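Here the structure is laid out as structure tokens; the discussion comes afterwards.
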Amino acid sequence: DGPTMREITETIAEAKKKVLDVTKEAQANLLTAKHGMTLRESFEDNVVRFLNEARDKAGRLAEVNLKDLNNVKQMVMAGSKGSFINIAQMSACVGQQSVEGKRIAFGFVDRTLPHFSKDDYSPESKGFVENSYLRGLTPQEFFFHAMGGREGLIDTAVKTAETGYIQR
Amino acid sequence: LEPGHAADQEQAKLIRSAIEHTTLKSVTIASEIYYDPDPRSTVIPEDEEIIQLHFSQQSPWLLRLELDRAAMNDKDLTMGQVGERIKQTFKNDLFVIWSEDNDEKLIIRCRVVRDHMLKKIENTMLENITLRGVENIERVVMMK
Amino acid sequence: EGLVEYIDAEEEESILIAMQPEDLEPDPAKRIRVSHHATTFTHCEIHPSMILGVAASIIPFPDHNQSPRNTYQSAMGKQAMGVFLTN
Amino acid sequence: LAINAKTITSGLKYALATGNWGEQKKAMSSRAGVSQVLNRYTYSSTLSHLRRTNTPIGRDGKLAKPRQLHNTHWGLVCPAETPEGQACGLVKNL
Amino acid sequence: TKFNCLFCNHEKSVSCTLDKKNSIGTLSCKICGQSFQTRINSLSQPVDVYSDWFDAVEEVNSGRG
Amino acid sequence: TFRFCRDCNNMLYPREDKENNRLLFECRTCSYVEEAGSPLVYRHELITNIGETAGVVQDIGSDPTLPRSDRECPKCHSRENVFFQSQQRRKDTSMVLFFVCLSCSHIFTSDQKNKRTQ
Amino acid sequence: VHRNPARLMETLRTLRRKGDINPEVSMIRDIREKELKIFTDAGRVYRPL
Amino acid sequence: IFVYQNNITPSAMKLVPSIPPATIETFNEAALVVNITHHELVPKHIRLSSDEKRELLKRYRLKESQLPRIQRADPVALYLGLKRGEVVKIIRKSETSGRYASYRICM
Amino acid sequence: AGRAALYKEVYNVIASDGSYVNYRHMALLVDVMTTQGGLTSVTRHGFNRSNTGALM
Amino acid sequence: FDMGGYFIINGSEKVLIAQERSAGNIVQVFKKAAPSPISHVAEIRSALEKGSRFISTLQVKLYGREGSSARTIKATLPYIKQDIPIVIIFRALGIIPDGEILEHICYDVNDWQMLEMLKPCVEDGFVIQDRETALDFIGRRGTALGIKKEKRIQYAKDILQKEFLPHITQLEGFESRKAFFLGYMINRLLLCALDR
DNA sequence: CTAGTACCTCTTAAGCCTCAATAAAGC
DNA sequence: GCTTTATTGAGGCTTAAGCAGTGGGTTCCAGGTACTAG
Ligand SMILES: [Zn+2]
Ligand SMILES: [Zn+2]
Ligand SMILES: [Zn+2]
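Chains as they are written, first to last, in PDB author numbering: chain G, 672 to 839; chain S, 1120 to 1175, 1187 to 1244, 1257 to 1286; chain Z, 687 to 712, 724 to 784; chain X, 446 to 539; chain P, 21 to 85; chain U, 3 to 120; chain F, 589 to 637; chain W, 109 to 215; chain C, 1343 to 1398; chain D, 197 to 392.
Structure, rendered in structure tokens:
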């Protein structure tokens, strides 16, 4: 319903504002890096954690919005298949796209895509998708999701052979 | 940690510092080969203070290392401990003096006792000297 | 006339590209659109959907579908039985 | 005169027949697979095959980095169209 | 420490010793007994000593010393 | 600071004159000798604050790629600026940004606690 | 090397757009490195915009 | 039992076998600073007599090589000074069973 | 102690994804990898270097 | 509807799949694993763009890891197994003065880090001061029953003219372009090593 | 003359050899 | 006191390993050359 979408959008906006504030604090060297972990890695971990928390909150809001009459929710409760992540991505938010255990790297010169200027660490430019499959994905979000899917496919294709060799 | 000391965070950080591997590379901001014509007089007017406290024979070469105060505070490293470690590693080959921590700028002066091998000696003293910790240790993180 | 220019991989590193002709230049159902933070946009895409290949373009609403499913559909489309030529 | 024309015609025919792209038939490092039988299961399949790209890197190995599509592929290589399996991440379609 | 020789025309009969401390390259053949000495650098190699010996032999033969 | 002979266009090795107790730059190829202006011989700069602001040119602000910003310039109070990050790439480099003003081509750090000329 | 990279790059772009030079040629100017690269070799993938 | 501070020269190592009837074991000061047996991972090791070894072999019907092997230089073997052909019983605590008794024979 | 550490690491890696395997299988695996004097890696340089049947 | 774009061989329709290759005439700088002594290697696959194409993989390697105290750079000249210091190559080209070599390698004299890193290189290359000596040293390796002083200096000069950076030119009229290109390659390698 | 017939053409695990110090025995 | 030893180990090069099963379509019957039988 409309109220649920409005609440999800508000939560996403709050998460984006928090990420922007954290980035501004980091730029002014006002953020204390975690012990051992470097400043860049600490900032990336904090941003990823915030985005994951926002996505989880949006998924929880969607799930509570859905009623027992909902078919997807009923199937998930049955335990046949699906999970919280599936409902969240289908109705609330796809979430951050991780490649090699990290956000989308600057493939170009300090630019993830040509559509973004150099030194753009905002979530939208770092693989984050703020639109569920229902509404659709923007071309940048689509490309990031494609990169994530390619990474997953390659990982499966290599790990199947590795596991077979180990089992042998 | 031991059950008695497992409830104290100060003891945990003390143990972490004791076992954490500390090297001059992490703390040393820079190292330069300055020239000191005489021990009594220094080319840098501000450097004289280092020998002033000494007032209150040696080769005409100087090696000046500038460190990071923030790194010292974070790692709890102190000038006295590193000086003692250097003296232990080098009994009398090189004379080393360090400024008091209270000074705004902290530097260390090392000079070979009575130039071609000076670079090699400096490289060995930087890379092959450990202030404290255990070899083959990168970082130690405490957790609850 | 210079209305359309060819750009290679190397040149893309030194240009900013707008998503739509009139979106970046100037009912919560429409997908969220990234704000036009920049103001230069020396170039722009004729249409984003053209990034898709021959098989991918056949997929209806590829964005609405997960990327692995799109890849599977692209692989499977080559095996679909249908009229390949009129002769 | 006395030019052996077959030397060129037969060589080209062999190169386009088995896909062995080499200076001579005896060569074992000809990097086969350059030429492939055009697929005509459906018109879309033929179009995709005609616009297909191949990577000389061996299909074996477990290095994911080359297989992953770089950000530079935007607008040049289809993000989704790609074979699944050993050839995944190596065979690309523009 | 194996190189060809020109006096006896025997291959692999030449041995070169490079004393970097004294910076001296000495070339000796185990068949004809010919011995040659030259100045060398830390980057010198036995091929350098062989080339120097060949150049010296050519200069001596030409008589343009 | 490192200089050359200025006559043969060659490097100068350092040497110590104990009789004069001085550091002198001279090349063994020739007889040229000079007295070092400053007592600088060796420097490694394990951590370097220079080189992060490199490549700046007069037409830097005209690059579309550089992201714009509306921060007021300290001197000319010009809102228009182009902001970028540290040029040097490292796993420990700070994320401090640098802003260049088109009107005066002045580079200033985003940090407010300390003001940096470059 | 060239002293006025901006003017040369603008002239090259204008000529390429007008059609005097083959559009397939790729010209890239990097201010950070202050380097101008021109590529005409075959096998280069390009798209229209 | 002889304990050294820094290291042992090879001359002493080759001289040690010079006395068959008397067995001499060399230990490092750093190695013995902390007792290994007190560790939780290491189970309880009990030396077995020749008669006990013979009885175990007879009951289980095993040969010398069928029993699990333990390195001569194993820290536990040095701690107990186990000799060649000597069987040691290891009592371990497990989740599946209250305790388990295994045996190991030096190679 | 090495066998116990190997078993604990095997259990941790197996349970990382949530999959559960009975303790007996892990115990047998660590025992076979440690039945010899040292730790016999599961490779052509480990158990395959033992004195088992030639055809095996 | 048929788009053609294939070859009819023995009736069978064969299509040639596009083959991906690393672009030539470009310097690519890659790091090396810690166990290997090399630190950074810059490679260029020079090849003629008009005819008589042949692969010329020229690689310049910086020996010595971080803190090794040996910051030396050696370029693997084609047909020369033993890597030669860049100083000897510059001397052979014609840039004998050390200052000229440094200026070609480093454009901005203000940056003293590059000069400090290159100091060992010039220190080790100081032995060579003549073009003939540099050519002879280059020709030392890969002996094929020849006399270094007799019809080998010309052979080494021809190799340096053709084998070394064939793409930039194939004539001896202007050999300074090769020196400038080598200096640019070394500058890129040093920039990559310094992490800038 | 013409056409058969054969004939020359990417990530580790162990093994081994090759290297640079080091304490004892010769003398 | 000086000289020559066996030992120690440390890396380079090398030879190995590289999910399982299944369906199908293409191409090889090899090039020229000399010597000799009908
Ligand atoms: Zn001889
Ligand atoms: Zn001079
Ligand atoms: Zn301004």
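No residue lacks a Cβ here, since even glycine has one placed at the ideal position from N, Cα and C.
Should residue i be flagged as near chain X, meaning a C-beta pair shorter than 8 Å?
{"i": "Z:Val-731", "result": "no"}
{"i": "Z:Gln-763", "result": "no"}
{"i": "D:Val-211", "result": "yes"}
Just to confirm, does residue i get its C-beta within under 7 Å of one of the non-hydrogen atoms of ligand 2?
{"i": "U:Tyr-34", "result": "yes"}
{"i": "S:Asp-1198", "result": "no"}
{"i": "U:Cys-7", "result": "yes"}
Report the option in the options whose CA atom is closest to the CA atom of residue i.
{"i": "Z:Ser-754", "options": "X:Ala-525, X:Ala-460, X:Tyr-486 and X:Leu-446", "result": "X:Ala-525"}
{"i": "S:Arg-1244", "options": "S:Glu-1280, S:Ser-1189 and S:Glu-1165", "result": "S:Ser-1189"}
{"i": "D:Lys-315", "options": "U:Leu-14, U:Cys-7, U:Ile-52 and U:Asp-9", "result": "U:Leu-14"}
{"i": "W:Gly-193", "options": "W:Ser-205, W:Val-111, W:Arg-180 and W:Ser-202", "result": "W:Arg-180"}
{"i": "S:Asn-1265", "options": "U:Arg-70, U:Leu-48 and U:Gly-53", "result": "U:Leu-48"}
{"i": "W:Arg-162", "options": "W:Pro-151, W:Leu-175, W:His-153 and W:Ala-209", "result": "W:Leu-175"}
{"i": "F:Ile-616", "options": "Z:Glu-696, Z:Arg-730 and Z:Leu-702", "result": "Z:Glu-696"}
{"i": "W:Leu-188", "options": "W:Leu-140, W:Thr-204 and W:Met-121", "result": "W:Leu-140"}
{"i": "Z:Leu-689", "options": "F:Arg-620, F:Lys-625 and F:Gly-607", "result": "F:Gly-607"}
{"i": "X:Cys-523", "options": "Z:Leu-710, Z:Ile-743 and Z:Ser-771", "result": "Z:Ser-771"}
{"i": "Z:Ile-701", "options": "G:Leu-784, G:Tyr-792 and G:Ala-832", "result": "G:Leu-784"}
{"i": "G:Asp-739", "options": "G:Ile-837, G:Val-780 and G:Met-748", "result": "G:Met-748"}
For residue i, decide whether its Cβ has a neighbour in chain F, counting only Cβ atoms nearer than 8 Å.
{"i": "Z:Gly-750", "result": "no"}
{"i": "D:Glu-239", "result": "no"}
{"i": "Z:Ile-703", "result": "yes"}
Can you tell me whether residue i sits near ligand 1, meaning its C-beta is under 7 Å from at least one heavy atom of the ligand?
{"i": "P:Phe-56", "result": "no"}
{"i": "P:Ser-33", "result": "yes"}
{"i": "C:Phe-1389", "result": "no"}
{"i": "P:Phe-74", "result": "no"}
Determine, using beta carbons only, whether residue i comes closer than 8 Å to chain P.
{"i": "D:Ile-301", "result": "no"}
{"i": "D:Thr-272", "result": "no"}
{"i": "D:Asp-332", "result": "yes"}
Beta carbon of residue i: closer than 7 Å to some heavy atom of ligand 3?
{"i": "Z:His-740", "result": "no"}
{"i": "U:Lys-117", "result": "no"}
{"i": "U:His-108", "result": "yes"}
{"i": "U:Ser-105", "result": "yes"}
{"i": "U:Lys-77", "result": "yes"}
{"i": "S:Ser-1150", "result": "no"}
Compare the C-beta of residue i against all C-beta atoms of chain U and say whether one is closer than 8 Å.
{"i": "G:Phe-714", "result": "yes"}
If we cut at 8 Å on Cβ distances, does residue i have a partner in chain W?
{"i": "C:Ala-1346", "result": "yes"}
{"i": "C:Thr-1377", "result": "yes"}
Under 8 Å, Cβ to Cβ, is there at least one residue of chain C near residue i?
{"i": "W:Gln-179", "result": "yes"}
Exposed or buried, which one is residue i when buried takes at least 16 other CB atoms within 10 Å?
{"i": "C:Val-1374", "result": "exposed"}
{"i": "D:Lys-374", "result": "buried"}
{"i": "Z:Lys-775", "result": "buried"}
{"i": "P:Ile-60", "result": "buried"}
{"i": "D:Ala-266", "result": "exposed"}
At the 8 Å Cβ level, is residue i part of the contact set with chain D, yes or no?
{"i": "S:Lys-1217", "result": "no"}
{"i": "U:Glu-36", "result": "no"}
Step through the CB atoms of chain S and report whether any lies within less than 8 Å of the CB of residue i.
{"i": "G:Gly-707", "result": "yes"}
Minimum length 3: unbroken beta strand (DSSP E) runs contained in the region 214-267 of chain D:
223-227, 234-242 and 252-259
In chain order, which continuous runs of the beta strand (DSSP E) of length 3 or greater are located wholly inside the region 330-358 of chain D?
none
Length-filtered (4 minimum) alpha helix (DSSP H) runs lying within the region 175-207 of chain W:
183-188
Hey, which unbroken runs of the alpha helix (DSSP H) at 4 residues or more fall wholly within the region 598-637 of chain F?
none
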